[PDB]
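Quick setup: the structure tokens below cover two forms of a single protein chain, split into structure 1 and structure 2.
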Structure 1
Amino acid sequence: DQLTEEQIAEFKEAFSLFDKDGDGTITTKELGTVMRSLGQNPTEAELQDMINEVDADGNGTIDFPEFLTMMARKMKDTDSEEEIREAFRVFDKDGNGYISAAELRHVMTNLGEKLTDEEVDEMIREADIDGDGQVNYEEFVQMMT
């Protein structure tokens, strides 16, 4: 089988966040920008290593099909939480355990992706379960898969 229309719509939007020029391919330069936007600072060598890991046709760049392949499977029951754990840590700017509407809005922004109040209000509402108005690690994990 395959992902739904909306599912596709979500993978493409996250792909466009790496593809700054919008030409359809992710370069090491475009990946670096994203890393720097996250406070991190990798080297050309490391950047190319990250790309080579998913470059199925080995042309030095990543495309949507290449991007989706790596997405549609953590191919690991172990070490998948080690990524979700870091993802959550990226958003929880104050390691308080709870992700707020402001931390989410703050991060999404640094990634050249300005949201709307209504958009930000829906991403949180949908993930919030305990009704505290914030997304804890628990809620975060389930929202992923």
Structure 2
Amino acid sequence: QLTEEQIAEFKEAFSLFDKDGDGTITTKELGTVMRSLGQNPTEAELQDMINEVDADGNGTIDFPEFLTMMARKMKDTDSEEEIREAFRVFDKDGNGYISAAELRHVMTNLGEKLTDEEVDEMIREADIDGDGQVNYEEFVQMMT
């Protein structure tokens, strides 16, 4: 079910959160990412987001806890308003299509730097109709 690739892409994203590179994600680290993505949770909410995934109650999120949750099956009945919120961070022009630019812009804001190709390969794996962009329906499928 899970491939060494998905696992490796999950270790990368983990690194987006764990900025001090100590192998654990904190509420402070979660908050800064949330904000980079135009979200503004409170300490309490940050604390709630981390507790829900904190399988070992240690207070922070290690990779194993991250993989678990990240790989967890996102039902289609789930709160769609969340996926929607997620789509809006990318589609910054609100036109209904995520372009590599929009993807790039987000990465940059996440402290991430990618080659033009890294991003392109990213869009393509998301693209279903081949128009070179990612729409909502397409976004939904890969997110769930």
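By rigid core we mean the largest C-alpha set that fits within 1.5 Å across both forms. Reference numbering: structure 1, starting with residue 1.
Participant: I want to make sure I read this right: if the two forms are fitted on their rigid core, which of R85, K29, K93, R36 has a C-alpha displacement of 2 angstroms or more between structure 1 and structure 2?
Facilitator: Spelled out, the residue whose C-alpha shifts by 2 Å or more is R85.
Participant: Looking at the two forms, how many whole degrees does the smaller rigid part turn against the larger between structure 1 and structure 2?
Facilitator: Relative rotation between structure 1 and structure 2 amounts to 13 degrees.
Participant: Just grab the Cα shift of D132 between structure 1 and structure 2 for me, core aligned, in angstrom.
Facilitator: A shift of 2.6 Å.
Participant: Using a rigid core fit, what is the CA shift at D57 between structure 1 and structure 2, in angstrom?
Facilitator: C-alpha shift for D57: 0.7 Å.
Participant: Could you tell me the distance the CA of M123 travels between structure 1 and structure 2 after a rigid core superposition, in angstrom?
Facilitator: So the C-alpha of this residue moves 1.8 Å.
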